[PDB]
Amino acid sequence: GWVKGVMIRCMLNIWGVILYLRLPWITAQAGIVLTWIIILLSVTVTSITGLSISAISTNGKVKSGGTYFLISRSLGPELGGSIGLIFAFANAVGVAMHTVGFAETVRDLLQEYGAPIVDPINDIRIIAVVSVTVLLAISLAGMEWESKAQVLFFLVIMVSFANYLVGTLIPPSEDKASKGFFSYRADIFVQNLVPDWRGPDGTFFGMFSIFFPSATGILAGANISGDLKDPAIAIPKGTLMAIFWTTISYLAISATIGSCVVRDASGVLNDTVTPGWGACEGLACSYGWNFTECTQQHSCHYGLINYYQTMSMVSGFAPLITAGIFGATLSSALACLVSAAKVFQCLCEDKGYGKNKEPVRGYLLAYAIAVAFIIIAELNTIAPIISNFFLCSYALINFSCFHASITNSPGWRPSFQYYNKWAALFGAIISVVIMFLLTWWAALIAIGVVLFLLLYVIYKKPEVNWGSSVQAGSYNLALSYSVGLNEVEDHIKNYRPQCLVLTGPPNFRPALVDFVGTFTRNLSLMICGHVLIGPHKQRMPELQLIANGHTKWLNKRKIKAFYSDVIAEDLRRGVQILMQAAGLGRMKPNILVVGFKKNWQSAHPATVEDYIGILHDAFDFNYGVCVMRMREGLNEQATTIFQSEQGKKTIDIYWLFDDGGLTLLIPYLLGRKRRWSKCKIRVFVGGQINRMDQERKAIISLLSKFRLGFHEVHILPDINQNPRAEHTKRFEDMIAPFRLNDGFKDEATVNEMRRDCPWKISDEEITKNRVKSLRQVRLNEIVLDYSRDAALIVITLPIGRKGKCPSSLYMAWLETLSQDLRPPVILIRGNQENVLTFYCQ
Amino acid sequence: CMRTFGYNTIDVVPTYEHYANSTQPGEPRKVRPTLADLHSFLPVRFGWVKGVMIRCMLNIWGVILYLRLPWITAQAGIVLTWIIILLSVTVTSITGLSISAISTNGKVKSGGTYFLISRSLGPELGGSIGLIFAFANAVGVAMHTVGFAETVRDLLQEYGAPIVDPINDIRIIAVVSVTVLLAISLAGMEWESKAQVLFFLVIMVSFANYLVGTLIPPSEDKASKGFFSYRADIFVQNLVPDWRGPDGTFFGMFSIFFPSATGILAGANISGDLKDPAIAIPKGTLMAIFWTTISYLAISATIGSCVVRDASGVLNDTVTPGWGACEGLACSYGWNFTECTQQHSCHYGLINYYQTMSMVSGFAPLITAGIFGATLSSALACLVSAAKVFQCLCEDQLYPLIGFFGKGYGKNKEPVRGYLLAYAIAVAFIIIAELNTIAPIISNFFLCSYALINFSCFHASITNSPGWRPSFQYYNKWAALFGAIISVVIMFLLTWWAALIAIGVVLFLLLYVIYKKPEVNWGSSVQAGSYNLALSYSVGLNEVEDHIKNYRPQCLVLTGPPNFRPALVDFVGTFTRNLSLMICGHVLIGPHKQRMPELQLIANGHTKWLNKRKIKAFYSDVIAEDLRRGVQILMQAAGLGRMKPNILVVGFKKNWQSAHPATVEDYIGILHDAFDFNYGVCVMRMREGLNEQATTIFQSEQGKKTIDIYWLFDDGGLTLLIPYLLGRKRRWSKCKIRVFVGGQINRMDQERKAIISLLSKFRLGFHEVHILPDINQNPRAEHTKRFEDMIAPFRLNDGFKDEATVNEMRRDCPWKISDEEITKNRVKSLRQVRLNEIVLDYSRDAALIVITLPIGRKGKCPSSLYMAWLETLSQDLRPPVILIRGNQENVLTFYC
Ligand SMILES: Nc1ncnc2c1ncn2[C@@H]1O[C@H](COP(=O)(O)OP(=O)(O)OP(=O)(O)O)[C@@H](O)[C@H]1O
Ligand SMILES: Nc1ncnc2c1ncn2[C@@H]1O[C@H](COP(=O)(O)OP(=O)(O)OP(=O)(O)O)[C@@H](O)[C@H]1O
Ligand SMILES: C[C@H]1Cc2ccccc2N1NC(=O)c1ccc(Cl)c(S(N)(=O)=O)c1
């Protein structure tokens with residue numbers, strides 16, 4: 001935290017490996033004032049970031065677990081996700097860069113003995129792959145060994161720095177002159193005071209970019225901060241102390257480098273001459289080192305910019321310096337990898353491997369990113385990426401903190417004495433400007449990537465992900481989309497038939513379920529209703545098991561539908577309950593499907609009264625109605641007639657009245673399935689005998705505007721003609737036993753006799769509906785000579801006004817329309833509202 | 001007798017008018033009877049040849065026909081030109097198939113491409129697409145005009161009479177020409193269509209002239225330039241490629257030729273002016289594409305057989321015997337071009353000359369006329385399309401300021417406003433006269449339009465709503481998807497930075513539209529897709545078996561009108577959001593049973609109100625004679641599959657002391673039924689009362705106040721889950737939870753060890769614990785007196801009555817208490833008053849209070865008595881008070 005987090009492992013991330021290896025080179029190629037200015041700017045950015053980070057962090061009682069968790073809990077998830085993503089990418093890239101640097105340093109140290117294995121560049125790649133793999137192996141080695149090694153590494157770094165200070169001030173010596181050291185010289189400081197450049201990066205902004213990579217203490221105050229036993233007043237003090245120590249130490253090291261170093265070397269130990277014999281001038285006249293040809297032809301084997309590492313030859317204890325620098329770099333790399341792995345795990349903390357169940361997947365992904373970026377093996381190019389990504393993360397964090405302070409977040413009131421919104425705004429602006437100037441295209445691309453991640457990771461749908469399992473995820477998705485459907489409004493183009501099918505137990509009547517499932521499959525909603533008769537105190541354990549078994553039987557058949565059971569005294573009341581309550585939001589039924597009463601004659605008229613009352617209630621609630629009739633009745637698994645292909649047969653529609661199109665829509669959706677996609681479809685309409693031609697061409701035109709693709713049309717001009725004499729008689733015998741026989745008295749004086757049997761007919765009444773009933777039986781004749789071999793028959797259902805059409809007269813009509821056929825007859829009626837259109841709004 | 005079917009009843013027969021939503025020559029409009037009346041008691045228009053095909057054909061033909069195609073065929077050979085043409089045709093034909101498929105679904109109105117794309121895909125993408133489309137057309141007009149000016153200036157200089165210089169004459173001529181075009185477009189579509197036919201005639205005459213010229217034997221000038229009439233040897237020569245220069249690669253020729261044929265929407269853009277668009281768009285577009293492709297192939301093949309690749313052009317170079325050494329087949333007909341073909345420096349031939357197709361023909365002014373006509377036709381088409389698209393887009397009022405445009409004029413609504421806007425933009429652009437750095441932007445915009453059209457088709461097909469029924473059935477969705485992908489690929493393959501800019505503009509406009517929240521509804525594939533996903537995921541959840549590991553609190557809240565008691569809604573929504581189902585109930589009494597549109601409107605308004613406060617709940621209403629029956633209905637039937645409630649949340653009836661006793665009877669009956677259904681129960685209570693937007697204490701900050709929990713009965717831990725889930729939020733995060741864990745008062749409490757173990761398993765962070773053993777103690781007799789006073793009015797004073805005859809008096813007054821019951825329920829009535837003593841000494845400054853809800857056996861308690869215990873328990877307290885008792889099921893499965 002302070003060394004392994006601030007100034008040892010964050011040393012190589014602030015003032016360490018990336019400073020103990022190639023800091024003196026930048027300082028020499030820049031000068032004292034320029035290096036001081038770069039250090040000042042970096043320190044300012046880091047200090048503002050650290051102030052904001054600590055002030056935000058110290059808000060509320062702290063429960064350990066991760067800085068990502070803390071930031072998310074303080075600023076919400078919207079910004080927390082983006083912050084975590086940016087930190088993950090930056091940590092992986094930094095691990096890659098530090099590992100490459102350490103491998104290169106180790107390879108050079110080994111090469112100091114003059115023994116090449118493979119090549120200058122390739123060998124570095126091999127060593128780096130080996131080191132990264134070793135870290136991956138040591139991913140889960142131990143816990144307290146880490147702290148022990150941190151203490152040991154801090155001690156070793158301190159000892160190496162002491163040795164470096166002891167050996168740095170080299171007095172006059174041939175061994176020193178071999179490297180160029182000449183101790184203190186005012187002319188040396190004068191030379192350092194001026195600028196000088198060499199290389200493609202010979203621009204001060206290049207020095208700024210190089211220095212930015214080694215400032216991971218402020219982040220160390222953000223990512224290496226949440227390890228304080230007393231979280232109250234532990235964090236900010238550590239941040240300030242680490243930052244100040246780093247700054248002072250860096251300034252001192254730069255001062256020593258500029259004081260006791262030279263900018264040129266010789267390359268030959270005994271390269272000296274006498275006065276007047278051979279070129280010799282400059283301050284080298286003290287040690288006779290001329291490089292005029294060497295200066296001209298970039299001939300500096302050793303020197304400030306000539307050689308990358310001057311301190312290694314400047315310190316007396318070379319092995320100690322090498323060992324300490326290598327240890328510091330390894331510690332920094334391990335810390336960064338640990339941080340990225342923690343980010344991944346804490347993201348997935350709530351598959352698990354081993355006790356901790358740690359996410360090996362995230363650490364493996366971090367290793368993948370680091371290995372992908374580490375093959376290049378060049379610090380000069382790599383470091384700018386680290387600087388840019390880290391600066392983007394820090395700027396986003398500070399700006400978000402300032403925004404939260406400004407907007408008065410619901411639960412934002414951090415207790416930081418020195419916190420101020422204006423400082424956050426200033427830091428955001430300055431950081432943005434510096435990131436833009438450092439490298440235009442790269443920084444802009446990173447900003448665009450960050451914006452994409454911030455916009456496109458907050459519309460996922462299941463934003464919680466509770467209880468990782470199958471049932472849990474399924475429930476989460478179902479809830480998310482069901483709630484989402486609430487904001488979307490309704491339009492005619494997207495009408496859908498939601499069906500409530502009265503099946504009772506589904507294993508008693510499978511024809512209805514087959515027929516409805518045919519045309520509703522993955523297009524709209526289907527519910528199967530079951531009413532339980534009798535009074536009982538519900539609850540009980542067995543009802544749930546019964547429902548579960550019914551749903552299992554349903555599932556085994558590959559039928560998408562929901563089962564549902566209710567308790568009521570009688571069928572009508574349970575049906576009312578189902579019609580009024582069942583559904584969710586906009587997924588609620590609007591059509592009722594009911595079977596035919598095969599034996600309505602040998603039964604108590606009370607049952608018939610209730611049956612007709614069901615239809616009356618359905619019409620009251622604005623539903624559509626469908627009555628299905630089979631010749632044989634409806635009451636491994638059984639096999640039905642809708643599970644075997646139909647063939648070339650026809651579908652016959654008798655559209656006699658306008659309902660809104662429901663009579664036409666149901667057959668259209670049914671022929672769109674590969675079971676009824678070979679049947680030709682016929683439409684019958686009534687008309688006139690003296691205008692048959694002007695009626696055929698008109699209905700055909702209307703059919704083409706709905707774009708339903710139906711084949712033929714036929715007109716019927718004789719629907720008013722008198723029925724046969726032997727057929728109109730069969731209608732009288734059918735209703736004979738329902739004649740109250742009081743058709744000579746006041747309608748006031750016929751309501752009393754109906755209070756015990758409100759299902760009779762009045763001789764007055766039969767005189768008003770005489771015409772209508774005749775048209776009912778005449779229709780049956782028309783269907784028998786037209787549709788004796790069809791695969792389906794559809795007819796519009798007639799309506800009777802409540803209070804003027806007893807339950808017995810109504811039941812006498814539907815039985816007449818459908819008789820003597822081999823019927824899959826369907827009688828349909830819409831709610832008197834358009835469900836089709838020929839318009840695009 | 002013989003009379004129309006329908007004259008003797010109330011029901012009407014089907015007819016066109018019942019579905020037509022417009023006026024008519026017949027002013028009185030017709031409607032069919034509503035279900036309540038049957039139930040219940042007591043203008044110049046163009047065809048397809050002149051309105052679609054001619055426009056598209058003119059728009060496709062350009063200037064590469066005369067000045068570039070022969071050079072391309074000389075550089076690449078016949079076969080490679082044919083392949084390039086074929087690829088371009090595949091892309092264009094697929095796009096045309098998609099547009100035809102989308103164009104026939106209902107009646108299309110004015111608006112062209114924008115109308116189709118938007119109304120069939122949704123306003124959000126349609127707005128940005130329309131904006132960019134109009135801009136692109138308004139710039140293409142200027143591009144074509146500058147091209148025409150270039151041709152005129154080049155000819156005039158050829159005749160040797162220049163005015164100022166290459167750069168200023170272009171400006172002047174272009175300005176004058178654009179002015180003339182603007183003048184033409186304002187005179188009406190009749191004059192506009194006449195000029196199109198005139199230009200078509202001129203181009204046809206040019207084609208015929210070239211064809212006739214390509215036949216006559218060659219003269220001396222033509223012979224010394226490479227023209228020799230159809231010769232099999234030249235044709236044989238001219239099939240292999242011969243690349244030359246920096247621009248000699250297959251990619252280069254494809255990039256040159258591809259933009260030349262992409263103007264295929266020139267006829268659909270005037271869709272508002274057609275006779276029958278659904279029979280006029282597809283046929284015209286396909287025929288135009290076919291004819292243009294035939295013409296391109298014919299030109300390529302014919303020219304590739306008459307001209308040699310090189311020719312000196314000097315008449316003296318003829319082959320006489322003695323001088324020169326002939327090479328190539330040019331010396332088979334008696335001509336010698338050894339010199340230049342050796343040094344590679346002559347200026348004639350197919351691969352070195354640009355105006356070859358005018359040399360071959362018999363009269364060059366005809367070719368000049370052809371170029372003029374092509375350029376001018378393109379400019380006119382672009383102008384008209386841009387004006388119409390802009391008028392239609394500005395009609396819909398989707399942007400803040402551009403609405404000024406959209407005012408029509410006499411008879412046909414003619415947007416002179418948009419005409420002037422586009423003319424001014426075109427002038428401001430033609431002033432520059434240098435546009436080679438502005439062309440790729442426009443091309444990529446057009447390609448984006450292609451991609452959007454194709455994706456609209458594919459998405460509509462894949463969703464497959466019952467309202468998707470097109471008459472044109474000669475397409476396929478996979479091909480459309482491939483077309484959109486290849487469109488974007490080509491975009492990024494032409495010029496990458498322009499593609500980046502185009503896609504960025506599309507994205508930014510889409511974001512602004514989505515943020516603006518349009519106020520219109522037309523019916524799109526997106527809404528149908530949302531229904532699709534809801535249904536599919538519900539079915540998926542239902543498919544899986546049932547198991548205990550997915551407990552969640554699913555609540556039905558009795559709230560009546562949602563905006564009456566908002567505190568209950570806010571409290572439940574606080575801990576329900578993103579985690580479980582919430583439902584709002586409302587019982588309307590109603591005589592009888594019916595549903596009129598008033599109920600539908602009221603419900604839609606309630607749903608809008610609920611969705612306007614960031615609340616996730618379903619609103620449901622029922623009709624019943626009293627409250628108990630409606631609550632029974634909702635408890636029995638609400639839900640779907642697995643998502644159904646298992647907790648009931650109700651508010652306190654603070655006016656129970658002054659009310660007809662049957663009301664409190666039904667309240668307690670509601671509680672008893674809920675208990676009997678295996679539910680959990682929550683009773684909410686506040687000191688004031690529960691009955692733009694109004695505020696509430698549940699939507700404000702809390703600070704550091706504490707929460708007190710009084711756990712006296714082990715019911716499954718629901719008494720602890722609700723307070724716990726309310727402490728993971730950003731508004732209760734600083735509150736401290738105090739637990740007064742009389743661990744199990746009547747539940748075999750644990751003294752010290754197990755008390756902190758159960759709460760430990762709840763990962764609650766419990767920060768404090770206390771012990772209350774003094775329940776039995778005698779409460780201050782002063783407080784007991786307050787209890788006898790309220791129970792007095794319900795006394796039956798039946799001490800001397802037998803237990804058999806006591807039931808007699810209750811057949812009319814079931815609420816009243818008995819005497820034997822007072823002495824029977826005495827010890828259990830002292831705990832309530834005594835417990836109220838303790839609470840009034842700790843949680844007097846506590847944000848919330850939670851206590852275990854007492855219970856009662858049916859019949860063993862008089863109803864009015866049980867309502868006395870509730871009042872005494874929670875009374876004289878400032879904060880909101882919650883009483884809970886769980887279903888007695890393990891709620892510990894919720895954790896992960
Ligand atoms: N318990 C029930 N739940 C839901 N609907 C029912 C129930 N019982 C009957 N129905 C509906 O009533 C219709 C037919 O009435 P009913 O069953 O009395 O005639 P049925 O089928 O001939 O009788 P049965 O099978 O006894 O001969 C069925 O198609 C069904 O829709
Ligand atoms: N129509 C209704 N639908 C659903 N719940 C209702 C309805 N009417 C009342 N309630 C519920 O019954 C509870 C008690 O209401 P009651 O009318 O018994 O006393 P109250 O004093 O009117 O209650 P409040 O002061 O909360 O309105 C309320 O908290 C409310 O949640
Ligand atoms: C971009 C300019 C410049 C140019 C140069 C050559 C060929 C066409 C051409 N223009 N493009 C068009 O005319 C064009 C392209 C695509 C489309 Cl759909 C259309 S349009 N008017 O059909 O909508 C026009």
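Order of the sequence lines sets the chain letters (A, B, ...), proteins ahead of strands, with each chain counted from 1. Just so you know, ligand 1 is whichever comes first in the structure, and atom 1 is the first atom listed for that ligand.
- Taking 4.0 Å as the cut-off between side-chain N and carboxylate O, B/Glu688 and B/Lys654 do not count as a salt-bridged pair.
- The immediate protein surroundings of ligand 1, defined as residues with any heavy atom under 4.0 Å of it, consist of A/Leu502, A/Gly504, A/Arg509, A/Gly529, A/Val531, A/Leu571, A/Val594, A/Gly595, A/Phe596, A/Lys598, A/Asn635.
- Residues B/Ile289 and B/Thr292 share a closest heavy-atom pair of O-OG1, 2.8 Å.
- Within a 6.0 Å sphere centred on CZ of B/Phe135, heavy atoms belonging to other residues, nucleotides or ligands number 12 at most.
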Any protein N or O within less than 3.5 Å of an N or O in ligand 3? List each pair with its distance, or say none.
{"from": "ligand 3", "atom 1": "10 (N)", "to": "B/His144", "atom 2": "NE2", "distance (Å)": "3.4"}
{"from": "ligand 3", "atom 1": "21 (N)", "to": "B/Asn59", "atom 2": "OD1", "distance (Å)": "3.3"}
{"from": "ligand 3", "atom 1": "21 (N)", "to": "B/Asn137", "atom 2": "OD1", "distance (Å)": "3.2"}
{"from": "ligand 3", "atom 1": "22 (O)", "to": "B/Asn59", "atom 2": "OD1", "distance (Å)": "3.3"}
{"from": "ligand 3", "atom 1": "22 (O)", "to": "B/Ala266", "atom 2": "N", "distance (Å)": "3.4"}

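- For A/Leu827, the side chain to side chain contact (heavy atoms under 4.5 Å, CB included) criterion is met by A/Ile795, A/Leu797, A/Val825, not counting sequence neighbours.
- Taking the charged nitrogens against the carboxylate oxygens, B/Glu192 and B/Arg55 do have a contact shorter than 4.0 Å, which makes a salt bridge.
- There is no side-chain donor-acceptor pair under 3.5 Å between B/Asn59 and B/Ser377.
- The nearest pair of heavy atoms linking B/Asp626 to B/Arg629 is OD1-CG, 2.8 Å.
- By the ring-ring contact (aromatic ring centres under 6.0 Å, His included) test, B/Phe254 is found to be paired with B/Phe258, residues two or more places apart in sequence or in another chain being considered.
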> After noting the C-alpha distance and the side-chain angles of B/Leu65 and B/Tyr296, does the key distance pass the side-chain contact (heavy atoms from CB on, under 4.5 Å) rule?
Replying inline: CA-CA 8 Å; B/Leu65 194 51; B/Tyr296 279 141; 3.3 Å; yes
